[PDB]
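J.: would you be able to build a 3D model of this:
(one chain, ligands or ions: 2)
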Amino acid sequence: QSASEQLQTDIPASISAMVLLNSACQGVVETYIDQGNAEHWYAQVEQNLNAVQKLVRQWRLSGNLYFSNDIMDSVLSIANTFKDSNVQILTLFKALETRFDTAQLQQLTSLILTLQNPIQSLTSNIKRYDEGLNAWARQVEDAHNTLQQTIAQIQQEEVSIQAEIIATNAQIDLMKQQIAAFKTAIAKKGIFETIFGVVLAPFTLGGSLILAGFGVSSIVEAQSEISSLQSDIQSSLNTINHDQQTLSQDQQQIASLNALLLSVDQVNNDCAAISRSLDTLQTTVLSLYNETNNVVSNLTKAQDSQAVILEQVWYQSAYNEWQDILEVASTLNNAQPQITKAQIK
Ligand code: NI
Ligand code: NI
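T.: Residues are numbered from 1 along each chain as shown. Ligands and ions are numbered 1, 2, ... in the order given. Here you go, the structure:
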C-alpha cells in the first residue's frame, strides 16, 4: 500500500468521525429539563447543563460543524496541485525518457517539489485542529463530570425510589451500548444525519419534564442500522416507562436525570475517536511527504534517462489515486446535509 492508496481510506475515515461530533453536539443543544414542581436541587442541574450547552455553542462558532474546514481545504489543495500539473509533469517525464537533459530534470524536480507545500499545510492544519479539539474536549469532560456528580447526590438522597432509579439507570446504560454498537457497525457519498429526542417523565395531556437528545450520522446512507438503533432505544424507553409506573411524575423526574448525560457522554466519545483517526491520518500524510522527498532526492541525483523514469511509477499511481480523492473530498465538501429527527416516547 502506497501513502496515497492508504489516504483513500484514511481521509474519509477522519471525516466520518468528524460528522458524528456534529450530531453529538446537536444532541446536547436539544437536551432540556424543566423545573416543574422540583425544589432545591433544580438550580444546580440547570446551571451544570447550561455550562455544557455553552461550550458547544462556543465550539460551533469556530465554523467546524460537520468537519474541519482547514483540513478539508488542504486535502483539496493537494488534489488540485496534482490535477493542475499532470500534463507538464507527464510531458517532462516523456521527454526525459527519450533524452536526458539537466535543465528539464531540474524543471521536473521543481514540479514534484510543489506537492510538498500543500502537504505541509495539511500536516500543520491537522495538528492545529487536533490541539483545539483536545483543549475543548477537556473542558467538556470537566463539565460532564460536574453534572454527573450533581445528579448522583440528588439520586442517592431519594432513598424511597432507589429500586426504580436503578432500573432506569440500567436502561440508560443499555442505550449507551446500543449507540456504541451502531457506531461500531458503520465503521454514494454525502452527510446523512439522524437526531433523536427521548421523552421522559411525561404529562398525561402530552409533553414531559425531560427531553434527552442524542445524534448519529455517516457519509454513506445506512437507514437499516439507524432503524435497529431506533427500535432498541424505543424498547429501552418502553422498559423505563414500564418500570416507573409506581412513581409520581416528580419522582420520575429524579429517576430519569442521568438521561441528560447521554449526549454529553457521546461528545466525549466522539472527540476521542477523531483524535485517534487524526493520529492515523498524520502518520500517512508524513508517509506521502517522505515519498515525495525520496523522488525529489532521486531526481536530483539522476544522471540518465533510466534513473528518471523509475520515479514515474510513484507519480502516476499517486496521480490516479488523488483524482479519486478529489472526487470524494469535493462531494463531501459540496454536500448539503440530509437531516431527519426521531422522537422516542
Ligand atoms: Ni442538597
Ligand atoms: Ni415488571
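J.: torsion angles phi and psi at the residue of the chain most remote from its centre?
T.: The C-alpha centroid of the chain is most remote from residue 99, which lies 50.3 Å away (C-alpha atoms, centre = their mean). Dihedral pair for residue 99: phi -150, psi 120, per degrees, to the nearest 10.
J.: next one: residue 158
T.: Per-residue torsions, residue 158: phi -90, psi 70 (degrees, to the nearest 10).
J.: thinking the residue farthest from the centre of the chain is in contact with residue 305, fair?
T.: Yes. At 7.1 Å, residue 99 counts as touching residue 305 under the criterion of C-beta atoms under 8 Å. Yep, even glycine has a C-beta here, placed from its N, CA and C like the rest.
J.: quick one: the helices in the stretch 151-300 of the chain, in order.
T.: Counting by DSSP state H, counting those that start in this stretch, the stretch 151-300 of the chain has these helices, from start to end: 162-185, 223-243, 249-255, 262-301.
J.: what's the closest of those to residue 61?
T.: Among the helices of the stretch 151-300 of the chain, helix 262-301 comes nearest to residue 61, with 15.9 Å by C-beta to C-beta.
J.: pull out the buried positions in that closest one.
T.: By neighbour count on 16 or more other C-beta atoms under 10 Å, the buried set for helix 262-301 is 262-271, 273-275, 277-278, 281-282, 284-285, 288-289, 291-292, 295-296, 299.
J.: ok, stretch 241-251 next?
T.: By 16+ other C-beta under 10 Å, the buried positions in stretch 241-251 come out as 241, 243-244, 247, 251.
J.: ditto for stretch 102-110
T.: Going by neighbour count (16+ other C-beta under 10 Å), the buried part of stretch 102-110 is 104-105, 107-109.
J.: ditto for stretch 22-42
T.: Under the neighbour-count criterion of 16+ other C-beta under 10 Å, stretch 22-42 has 22-33, 36, 38, 41-42 buried.
J.: filter these down to the ones in strands?
T.: Of the positions in the buried residues of stretch 22-42, 32-33 sit in strands, assigned by DSSP state E.
J.: now residue 319: how far from residue 306?
T.: 21 Å (C-beta to C-beta, to the nearest Å).
J.: no, scratch that, I was asking about residue 247
T.: Residue 247 sits at a distance of 83 Å from residue 306 (criterion: C-beta to C-beta).
J.: what's the host helix or strand of residue 343 in contact with?
T.: Applying DSSP states H and E as the criterion places residue 343 in strand 338-344. Outside strand 338-344, the residues that touch it by C-beta atoms under 8 Å, 6 or more residues apart in numbering are 190-199, 230, 233-234, 237.
J.: any quick PyMOL command for the buried ones out of the residues you listed?
T.: The PyMOL selection below is limited to those of the contacts of strand 338-344 classed as buried (16+ other C-beta under 10 Å):
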select buried, resi 190+191+192+193+194+195+196+197+198+199+230+233+237
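J.: return the set of buried residues in stretch 175-182.
T.: Within stretch 175-182, the residues that count as buried by 16+ other C-beta under 10 Å are 175-176, 178-179, 182.
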